[PDB]
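If you read the protein sequences in the order shown, they are chains A and C.
Going by the deposited numbering, the first sequence wraps up at 967, each residue one higher than the last.
Going by the deposited numbering, the second sequence wraps up at 580, each residue one higher than the last.
Built from N, CA and C at the ideal position, the CB exists for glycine as well.
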Amino acid sequence: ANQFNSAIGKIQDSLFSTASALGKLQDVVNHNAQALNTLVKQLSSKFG
Amino acid sequence: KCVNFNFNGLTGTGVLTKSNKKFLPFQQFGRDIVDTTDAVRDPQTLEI
Ligand SMILES: *[C@@H]1O[C@H](CO)[C@@H](O)[C@H](O)[C@H]1NC(C)=O
């Protein structure tokens, strides 16, 4: 029980400090925003 | 009120509202981050 409690207490730090993952969700958000921004920025091209 | 506005040849449709944006005296209109017109200057009242 003590070992589990220590590990579950370290989770709250290692989730946002060690990074590793949690970049996948942000990457999904960033890819969606990039796609939408590029789509609405292509409206400024004369295309000839 | 959603209107068809024609500012000195610039044609568009939308609602024109009072703006807190401070245009420098040489600046005539403002563009959003994706190059869409966001603010305009009144030729008569010099209003943003
Ligand atoms: C046009 O005339 C009005 C008064 O009728 C004046 O307030 C306005 O500044 C003038 N527009 C200019 C100088 O662009």
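Assuming residue 580 of chain C contacts residue 573 of chain C under a Cβ cut-off of 8 Å, what Cβ separation, rounded to an integer in Å, is found between them? Contact flag correct, Cβ pair sits at about 6 Å.
Any beta-carbon of chain A closer than 9 Å to the one on residue 566 of chain C? Residue-level contact check: residue 566 of chain C touches chain A, since one or more beta carbons of chain A fall below 9 Å from its beta carbon.
Can you give me the C-alpha to C-alpha distance between residue 549 of chain C and residue 959 of chain A, rounded to a whole angstrom? Approximately 24 Å, taken between the alpha carbons.
Given 8 Å as the limit, is there contact between the region 534 to 545 of chain C and the region 935 to 954 of chain A, that is, 3 or more CB pairs closer than that? Touching, no, given that fewer than three Cβ pairs across the two stretches are closer than 8 Å.
How far does the beta strand (DSSP E) with residue 570 of chain C in it extend, from its first residue to its last? According to the DSSP assignment, residue 570 of chain C belongs to the beta strand (DSSP E) that extends over 569 to 572.
In whole angstroms, give me the CA-to-CA distance for residue 568 of chain C and residue 951 of chain A. Near 20 Å, if we compare the C-alpha coordinates of residue 951 of chain A and residue 568 of chain C.
So, does the CB of residue 948 of chain A fall closer than 9 Å to a CB anywhere in chain C? Chain C, which has no Cβ nearer than 9 Å to the Cβ of residue 948 of chain A, makes this no.
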